[PDB]
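Trainee: My structure file protein11.cif, mmCIF, C-alpha atoms, is below:
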data_work
#
loop_
_atom_site.label_atom_id
_atom_site.label_comp_id
_atom_site.auth_asym_id
_atom_site.auth_seq_id
_atom_site.Cartn_x
_atom_site.Cartn_y
_atom_site.Cartn_z
CA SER A 2 29.61 -18.31 204.12
CA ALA A 3 30.59 -15.02 205.79
CA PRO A 4 29.92 -11.80 203.82
CA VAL A 5 32.78 -10.99 201.43
CA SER A 6 33.27 -7.47 202.82
CA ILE A 7 34.02 -8.77 206.32
CA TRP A 8 37.53 -9.81 205.29
CA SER A 9 38.73 -6.24 204.69
CA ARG A 10 38.27 -5.86 208.48
CA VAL A 11 41.06 -8.38 209.14
CA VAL A 12 44.47 -6.69 208.95
CA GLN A 13 48.04 -7.43 210.01
CA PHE A 14 48.98 -6.07 213.42
CA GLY A 15 52.21 -6.56 215.32
CA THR A 16 53.18 -10.22 215.01
CA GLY A 17 49.63 -11.26 214.13
CA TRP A 18 46.30 -9.83 213.03
CA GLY A 19 43.40 -7.80 214.35
CA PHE A 20 39.78 -7.06 213.44
CA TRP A 21 37.73 -3.89 213.03
CA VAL A 22 34.55 -4.42 215.02
CA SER A 23 33.51 -0.94 213.89
CA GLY A 24 35.13 2.11 212.40
CA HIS A 25 36.19 3.03 215.96
CA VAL A 26 36.97 -0.36 217.53
CA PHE A 27 39.87 -2.68 216.74
CA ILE A 28 40.42 -5.94 218.60
CA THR A 29 43.47 -8.23 218.67
CA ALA A 30 45.43 -10.72 220.77
CA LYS A 31 47.43 -8.94 223.46
CA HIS A 32 50.49 -11.12 222.81
CA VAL A 33 50.84 -10.03 219.16
CA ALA A 34 50.26 -6.31 219.61
CA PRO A 35 52.92 -3.64 219.12
CA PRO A 36 54.31 -2.30 222.42
CA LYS A 37 52.03 0.03 224.35
CA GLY A 38 52.65 3.61 223.30
CA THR A 39 53.20 2.79 219.61
CA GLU A 40 51.64 4.96 216.90
CA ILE A 41 49.17 2.79 214.96
CA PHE A 42 47.10 3.43 211.83
CA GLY A 43 48.56 6.93 211.74
CA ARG A 44 47.19 7.70 215.21
CA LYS A 45 49.25 8.64 218.27
CA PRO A 46 48.65 7.38 221.82
CA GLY A 47 46.01 9.68 223.26
CA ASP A 48 43.98 9.55 220.03
CA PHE A 49 42.92 6.14 221.22
CA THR A 50 42.45 4.20 224.44
CA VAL A 51 43.40 0.60 225.03
CA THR A 52 41.83 -1.96 227.30
CA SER A 53 43.14 -5.43 228.00
CA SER A 54 41.65 -8.49 229.63
CA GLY A 55 43.77 -11.64 229.71
CA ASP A 56 45.00 -11.99 226.11
CA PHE A 57 42.20 -9.89 224.62
CA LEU A 58 43.11 -6.34 223.59
CA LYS A 59 40.72 -3.60 222.42
CA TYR A 60 41.58 -0.21 220.95
CA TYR A 61 38.99 2.54 220.80
CA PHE A 62 39.56 5.50 218.48
CA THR A 63 37.70 8.74 219.24
CA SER A 64 37.63 9.54 215.52
CA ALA A 65 36.78 6.69 213.16
CA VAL A 66 39.75 5.06 211.44
CA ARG A 67 37.60 2.95 209.08
CA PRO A 68 34.40 4.94 208.41
CA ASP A 69 33.69 2.56 205.50
CA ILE A 70 32.61 -0.25 207.81
CA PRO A 71 29.37 -0.72 209.72
CA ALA A 72 29.54 -1.57 213.44
CA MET A 73 29.18 -5.24 214.39
CA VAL A 74 28.15 -6.84 217.65
CA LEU A 75 30.99 -7.99 219.89
CA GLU A 76 29.91 -10.79 222.24
CA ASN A 77 31.78 -12.31 225.17
CA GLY A 78 32.07 -15.72 223.54
CA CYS A 79 28.95 -17.64 222.60
CA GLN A 80 26.77 -20.59 223.59
CA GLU A 81 28.62 -23.89 223.64
CA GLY A 82 27.85 -25.85 220.48
CA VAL A 83 27.68 -22.87 218.14
CA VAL A 84 29.53 -23.59 214.89
CA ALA A 85 31.63 -20.49 214.40
CA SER A 86 34.15 -19.49 211.77
CA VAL A 87 37.74 -18.38 212.32
CA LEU A 88 38.50 -15.79 209.64
CA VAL A 89 42.17 -16.63 209.16
CA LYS A 90 44.19 -14.45 206.83
CA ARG A 91 47.69 -15.49 205.84
CA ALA A 92 50.47 -13.04 204.99
CA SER A 93 49.86 -13.77 201.29
CA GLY A 94 46.34 -12.35 201.66
CA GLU A 95 44.85 -15.84 201.40
CA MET A 96 41.52 -16.02 203.26
CA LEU A 97 40.71 -19.26 205.05
CA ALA A 98 37.44 -19.54 206.95
CA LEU A 99 37.86 -22.38 209.44
CA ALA A 100 34.76 -24.04 210.88
CA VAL A 101 34.97 -24.52 214.64
CA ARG A 102 32.58 -25.96 217.22
CA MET A 103 32.74 -23.61 220.20
CA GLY A 104 33.18 -25.35 223.54
CA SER A 105 33.24 -24.12 227.11
CA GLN A 106 34.41 -20.79 228.43
CA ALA A 107 37.15 -20.94 231.06
CA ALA A 108 40.33 -19.32 232.36
CA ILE A 109 42.96 -21.23 230.44
CA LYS A 110 46.66 -21.38 231.27
CA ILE A 111 48.87 -20.98 228.19
CA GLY A 112 52.55 -20.95 229.07
CA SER A 113 52.99 -18.31 231.78
CA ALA A 114 49.75 -16.48 230.94
CA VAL A 115 46.12 -16.98 231.97
CA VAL A 116 43.64 -16.40 229.14
CA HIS A 117 39.94 -15.80 229.67
CA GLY A 118 38.47 -17.38 226.59
CA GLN A 119 36.50 -20.11 224.92
CA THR A 120 37.76 -23.47 223.74
CA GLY A 121 36.93 -24.70 220.26
CA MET A 122 37.21 -27.82 218.14
CA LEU A 123 38.31 -27.38 214.53
CA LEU A 124 35.97 -29.45 212.35
CA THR A 125 38.52 -30.17 209.62
CA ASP A 133 47.94 -29.25 208.50
CA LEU A 134 44.81 -27.36 207.44
CA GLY A 135 44.16 -25.60 210.73
CA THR A 136 45.65 -22.58 212.46
CA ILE A 137 49.39 -21.96 212.48
CA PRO A 138 51.90 -19.71 214.23
CA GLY A 139 51.15 -16.23 212.95
CA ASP A 140 47.35 -16.59 212.94
CA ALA A 141 46.74 -15.07 216.40
CA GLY A 142 44.39 -12.09 216.38
CA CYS A 143 42.09 -13.36 213.63
CA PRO A 144 38.41 -13.10 214.63
CA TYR A 145 35.94 -15.84 215.49
CA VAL A 146 32.51 -15.01 214.06
CA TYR A 147 29.13 -16.66 213.66
CA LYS A 148 25.73 -15.91 212.17
CA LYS A 149 23.41 -15.23 215.09
CA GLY A 150 19.85 -15.49 213.87
CA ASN A 151 20.28 -13.43 210.71
CA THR A 152 23.36 -11.33 211.49
CA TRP A 153 27.11 -11.88 211.86
CA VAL A 154 28.66 -11.26 215.27
CA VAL A 155 32.23 -11.50 216.52
CA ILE A 156 32.93 -13.50 219.67
CA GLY A 157 36.67 -13.33 220.25
CA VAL A 158 40.11 -13.53 218.68
CA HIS A 159 42.38 -16.48 217.95
CA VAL A 160 45.20 -16.93 220.45
CA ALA A 161 46.34 -20.56 220.79
CA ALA A 162 46.19 -24.12 219.48
CA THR A 163 47.63 -27.57 220.03
CA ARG A 164 50.41 -28.58 217.63
CA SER A 165 48.59 -31.75 216.63
CA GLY A 166 44.86 -32.10 217.17
CA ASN A 167 41.99 -29.74 216.56
CA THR A 168 41.79 -27.73 219.79
CA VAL A 169 41.91 -23.94 219.48
CA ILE A 170 41.37 -21.10 221.99
CA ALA A 171 39.70 -17.77 221.35
CA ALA A 172 40.36 -15.02 223.86
CA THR A 173 37.17 -13.19 224.84
CA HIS A 174 36.70 -9.70 226.24
CA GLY A 175 35.04 -10.30 229.60
CA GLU A 176 35.65 -12.02 232.89
CA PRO A 177 33.12 -14.74 233.83
CA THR A 178 30.07 -14.38 236.03
CA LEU A 179 27.53 -17.08 235.18
CA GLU A 180 30.42 -18.95 233.53
CA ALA A 181 32.78 -18.72 236.54
CA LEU A 182 34.16 -22.15 237.50
CA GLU A 183 34.31 -23.11 241.19
CA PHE A 184 35.50 -26.23 243.01
CA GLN A 185 32.70 -28.52 244.25
#
Let me see whether you can do it: turn the structure in this file into structure tokens.

Mentor:
Amino acid sequence: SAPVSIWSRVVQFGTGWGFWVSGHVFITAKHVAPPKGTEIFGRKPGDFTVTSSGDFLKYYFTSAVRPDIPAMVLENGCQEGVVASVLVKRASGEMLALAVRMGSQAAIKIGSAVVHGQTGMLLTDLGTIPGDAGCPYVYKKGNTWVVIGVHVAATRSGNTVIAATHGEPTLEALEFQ
């Protein structure tokens, strides 16, 4: 479904994967990233800036690292009900697009961390596995592909997954009633 060229944007990173949103912007799961202050893609700290929000991590490079790729829209999650695709790469280079119905956005507790993200329900042993964190969630919005977050967590059994998103909630901020 997703354009063939989009997969070259998914690369190994730390103990997981990350995604080039543009030639300048690389997103990943905080928990898989190399330690802060590590040289990456041949660039030293200072040649890039890093922002984190929950388990979402974004690197911005002043000079393009991948000039061969057009910029894509990065959204803070998407509307509940959107059928998105997790672009999972495995170490072998195998590419597995996993259909997922996006659920609600919330601040989700995973172990000792709190992740701002969006829940999802895998539509199909053939889901995500340890090592997949950082792979992007994308969908075709109208007539263009947009990225909404990165894979961070799943249940062992069952089809629940969590994508970390870049923002903290306003309209989507949960409050006791």

Trainee: Please evaluate the PyMOL selection byres ((chain A and resi 125) around 9) against the displayed coordinates and give the resulting residues as an NGL selection string.

Mentor: :A and (99-101 or 122-124 or 134-135 or 167)

Trainee: Can you list what the PyMOL selection byres ((chain A and resi 3-13) around 10) grabs from this structure, as a PyMOL selection string?

Mentor: chain A and resi 2+14-24+27-29+33-34+67+70-71+86+88-92+94+96-98+139-140+142-144+146-148+152-153

Trainee: Separation of atom CA of residue 114 of chain A and atom CA of residue 83 of chain A, in Å?

Mentor: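 Distance reported for this atom pair: 26.3 Å.
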
Trainee: So, with all atoms listed in the file as the atoms that count, which of A:168, A:53, A:64, A:93 lies closest to residue 31 of chain A?

Mentor: A:53

Trainee: For a quick check of your reading of the model, name the residues lying within 9 Å of the coordinate (35.8, -24.8, 222.6), counting all atoms listed in the file, and write them as a count of residues only.

Mentor: 18

Trainee: May I ask for the distance between atom CA of residue 66 of chain A and atom CA of residue 42 of chain A, given in Å to one decimal place?

Mentor: 7.5 Å

Trainee: Could you work out how far atom CA of residue 174 of chain A lies from atom CA of residue 95 of chain A, giving the answer in Å with one decimal?

Mentor: 26.9 Å

Trainee: My list of candidates is A:133, A:112, A:77, A:36. Which is closest to residue 166 of chain A when distances are computed with only C-alpha atoms?

Mentor: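 Ranking A:133, A:112, A:77, A:36 by distance to residue 166 of chain A, first place goes to A:133.
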
Trainee: Would you mind telling me which residue in A:39, A:155, A:160, A:107 lies nearest to residue 178 of chain A when using all atoms listed in the file?

Mentor: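 Closest to residue 178 of chain A of all the choices is A:107.
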
Trainee: Determine the residue set returned by the PyMOL selection byres ((chain A and resi 47) around 12) for the present structure, and present it as a ChimeraX atom specification.

Mentor: /A:37-41,44-46,48-51,60-64

Trainee: Nearest to residue 25 of chain A: which of A:59, A:110, A:164, A:149 is it, counting all atoms listed in the file?

Mentor: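 Using all atoms listed in the file, the shortest distance to residue 25 of chain A belongs to A:59.
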
Trainee: Is it possible to get the axis-aligned box enclosing segment 77-90 of chain A (all listed atoms, 8 Å extra per side) as AutoDock Vina command-line options, with centre and edge lengths in Å rounded to one decimal?

Mentor:
--center_x 35.5 --center_y -19.1 --center_z 216.0 --size_x 33.4 --size_y 29.5 --size_z 34.3

Trainee: Which residue, A:137, A:87, A:181, A:26, has the smallest gap to residue 75 of chain A when you use only C-alpha atoms?

Mentor: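 Answer, going by the shortest atom-to-atom distance: A:26.
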
Trainee: Please determine, counting all atoms listed in the file, which residue among A:109, A:179, A:73, A:141 has the shortest atom-to-atom distance to residue 161 of chain A.

Mentor: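 For residue 161 of chain A, the nearest of the given residues is A:141.
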